[PDB]
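One chain comes next, on its own, written as structure tokens: the form deposited in one PDB entry.
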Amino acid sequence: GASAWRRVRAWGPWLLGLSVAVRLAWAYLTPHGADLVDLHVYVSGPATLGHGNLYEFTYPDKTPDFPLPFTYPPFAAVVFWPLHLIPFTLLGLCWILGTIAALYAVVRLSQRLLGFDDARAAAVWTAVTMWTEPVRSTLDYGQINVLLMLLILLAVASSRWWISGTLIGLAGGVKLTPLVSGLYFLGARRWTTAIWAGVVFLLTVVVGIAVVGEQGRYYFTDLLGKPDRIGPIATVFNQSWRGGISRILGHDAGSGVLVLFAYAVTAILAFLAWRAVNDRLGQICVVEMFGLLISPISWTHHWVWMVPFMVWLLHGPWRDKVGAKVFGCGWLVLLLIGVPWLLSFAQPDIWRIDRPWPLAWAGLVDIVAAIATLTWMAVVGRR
């Protein structure tokens, strides 16, 4: 029914408005709705700046069970030192509004990348995907994942080498996970932009050493970005290969042979999927789908890159293939409902790795969905 599709498109602004009102009401009416454990970490990290206790910092106020640390790169603390100058509520409401606006802007950028501009459809997409498990997880925790997605797609949209390079470098300096997006630029043969993005990431490392130095150092040696310190590896929310393999195993294999084989097979699948795509949005979406699978820690709130992927599926060049619609609706039903969020209740505690067949196998849900999408893209491209 394309008529109903047009009717709902016309009802965009007054559906995104409803979604934003509902989200804002929930956050500031329910206890722990505006808890913002990761925004409070970002605010209390730099708040201790200049006192030699920034990475030894722990934040158990909001989750006594698990003390939230400041695992971000020191450049993130440099960037968040201004947040120390803003009252907590004036920053919480600002951050929620910023994440919402970043979601709308990234949807608009995805539409522009696909070759069409549609403010109403962008509002509808923002409202519908606002409640996808990754987006609601980011909003709940205050984690900056929509903002970095916006920065990365802004870099992709801008053909100018310096703009894209600087955006990618700064965004990757704030968090190391989005650095995998740079690989897309390697695939796009944008060698100069990739070089500049790497240079900016190194200059962000230098800034972090300068400002947050003498307290946060050796961030790559003796630490290796160890997944354990960031958080539990086996918890179902950790939807990377490592999380699901640990669930089905009962013990974190980590760099084990069996995890390495999975890493290699997903590497080949993602490379074939990218080889099966030709448009910027699809290429970046495949690259980030692979990044979410290879990173040692990829919580649900990291999987906000799926939203541009669904936009590509339902509007990109493959808006007619039977498989394209099938997998777009599959991703929508999976994320909107959220299997990992539902399964997280079954496990005794976030630190329990042993699982029976149901709670372990169902823990491979998002991994299996991503691998199925990658294999489908590879086979359809090869054919």
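Between two forms, the rigid core is the largest collection of C-alphas that superpose within 1.5 Å. The first residue of the sequence shown is number 1, and the count goes up from there.
What comes next is about the form deposited in another entry, which is not displayed.
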- Could you tell me whether the Cα atom of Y219 shifts by at least 2 Å between the shown form and the other one after core superposition? yes
- Query: Honestly, after the rigid core fit, is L332 moving at least 2 Å at Cα between the shown form and the other one?
  - Reply: no
- Does superposing the core leave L49 with a CA shift of 2 Å or more between the shown form and the other one? yes
